[PDB]
Ligand SMILES: [K+]
Ligand SMILES: [K+]
Ligand SMILES: [K+]
Ligand code: NA
Ligand code: NA
Ligand code: NA
C-alpha cells in the first residue's frame with residue numbers, strides 16, 4: 001500500500017532529522033536524540049529533558065508543527081495494518 | 001461489535017506486555033509498570049520516569065508507535081459503543 | 001446548545017471528582033489537584049507530580065479512560081463556539 | 001480558505017498571549033515562555049516546568065481548554081490545505 005509506504009518513509013526521514021539535530025546541537029547520544037524526537041512528535045513528552053539552547057527550542061517548536069500531523073497519520077495507518085489480521089480472523 | 005472486542009483484547013494484551021517489560025527490564029514495581037504503560041500510550045506521559053536502559057528506550061519507541069493506535073482505537077470504540085449510549089440513556093426523563 | 005451544555009456539565013463534574021480525589025488521597029492543595037486533573041485528562045501531563053499511593057495510581061488509570069473522550073469532545077465543541085464569531089465576521 | 005486564515009491568526013494571537021503571560025507572571029525568558037506555550041497547547045508538555053503561581057495555574061487551565069482546540073484546528077487545516085497538497089505535488093514524476 002503506497003499511502004502506508006510513503007507515510008513510513010516520511011516518518012523515518014523526519015525522525016532521522018531530529019536524531020541528527022538533537023545529537024549534534026543538544027549533545028544527546030543518538031538513541032536519546034531519537035527517543036526525544038519520538039516522544040515529542042507523538043506528544044507523549046519527556047519528563048527528564050528539554051532543549052537547553054535557544055536554537056534547540058526554536059527547532060523543537062517548528063519540528064512539532066512540521067511533524068505531528070504526519071506522525072499521527074502514520075500511527076493510524078500502522079494501526080489498521082497491525083489490527084486487521086486479528087479482526088479478519090475473529 | 002467484533003472490532004470493539006478485538007481492540008479490547010489487544011489493548012489488554014498490550015498493557016500486560018508493558019507491565020511485564022518495565023517491571024523486568026527497568027525494575028519497576030508491577031503497579032508502576034502498568035501506570036507507566038497507560039500514561040505513555042494515552043500520551044499523557046509520566047513527569048518523572050523515563051526508561052534508563054537502551055533496551056527500554058528502543059522498546060518504548062516501538063511500543064508507542066504500535067500501542068497508541070490500539071489504545072486510541074479502543075478509547076474511540078468505548079466512547080461510541082458504551083459511553084455515548086449510556087449517557088443518552090441516562091438523559092431520558094422517566 | 002444542549003450538546004455543548006451537557007458536555008460542559010459532564011466535564012465540570014469530572015474535574016470536581018478529580019479535585020476531591022487528589023486533594024484528599026494525594027494531599028494536594030485544591031488548585032494543584034484541579035491542575036493535575038486538567039493536565040492529565042487533556043494529555044498535557046505534568047512534569048513535577050505523579051501519584052504516590054497505589055490507590056492514586058489505580059484511580060488515575062481509570063480516570064484517564066473514563067474522562068479523556070469526554071474532555072476532548074468538550075474541547076472540540078468549545079472550539080466551535082469560540083471560533084465561530086471570528087469566522088462569521090471574516 | 002477563510003477558516004484557515006482565521007485559525008492561523010487566532011493561533012498566533014494565542015501564542016503571543018502565552019508568551020506575554022508566562023514571561024510576566026512566571027518570570028520566564030520570552031523564548032522559554034513561547035516554548036512552554038507551544039508544548040502545552042500541542043499537549044506534548046514540558047518535562048521540567050510547571051506554573052508556580054496560583055495565577056499561572058488558573059491561567060494555564062483556561063489556556064489549555066481554549067488553546068488546544070484552536071491549535072489543533074490550525075494543525076488540521078495546515079495538513080489539509082498546505083502539507084498534503086505539497087506532498088502530493090512533490091510525488092509527481094516529472
Ligand atoms: K520532570
Ligand atoms: K499528549
Ligand atoms: K504529554
Ligand atoms: Na508530558
Ligand atoms: Na506526572
Ligand atoms: Na521535556
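Side notes on the structure shown:
- The mean count of C-beta atoms from other chains within 10 Å of the C-beta of residues in B:45-58, rounded to a whole number, is 6.
- On the principal axes of its alpha-carbon atoms, chain D has extents of 56, 26, 18 Å, going from largest to smallest.
- Contact order relative to length of chain D, as percent, for alpha carbon pairs under 8 angstrom and 6 or more apart: 30 percent
- Put simply, when D:83-90, C:19-26, A:33-40 are sorted by average Cβ atoms within 10 angstrom per residue, most first, you get A:33-40, C:19-26, D:83-90.
- In degrees, nearest ten, helix B:54-78 long axis to first principal axis of chain B (Cα): 0 degrees
- Secondary-structure-derived ellipticity at 222 nm for chain D, considering helices only, amounts to -24500 deg cm²/dmol, per-run term -39500 (n - 2.57) for DSSP H runs with n ≥ 4.
- Normalised by the number of residues in chain A, the mean separation of alpha-carbon contacts (under 8 Å, six or more apart) gives a relative contact order of 31 percent.
- The label-point distance for residue B:55 and residue C:82, in a model that sets each label 7 Å from Cα toward Cβ, rounds to 4.5 nm.
- Peptides A:55-61, B:30-36 ranked from most to least packed give B:30-36, A:55-61, packing being the mean of other C-beta atoms within 10 angstrom over each peptide's residues.
- Relative to the longest principal axis of the Cα atoms of chain C, the long axis of helix C:2-24 makes an angle of roughly 20 degrees.
- Overall form of the protein assembly as shown per C-alpha gyration tensor (a/c, 1.5; a/b vs b/c): rounded
- Distance between the modelled labels on residue C:52 and residue B:24, one decimal in nanometres: 3.2 nm (7 Å Cα→Cβ projection).
- Approximating the spin labels as points 7 Å out from Cα along Cα→Cβ, the residue B:12-to-residue A:66 distance works out to 4.4 nm.
- Considering only Cα atoms, the convex hull volume of the range C:1-69 works out to 79 Å³ per residue.
- Per-residue mean of foreign Cβ neighbours for B:66-73 is 6 (Cβ atoms of other chains, 10 Å radius).
- Helix B:2-25 axis, angle to chain B major axis (alpha carbon atoms, nearest 10°): 20 degrees
Values quoted throughout were computed directly from the atomic coordinates according to the rules given, and no laboratory measurement underlies them. In this analysis, Cβ positions are derived from the backbone assuming ideal geometry, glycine residues included, and neighbour counts consider all displayed protein chains.
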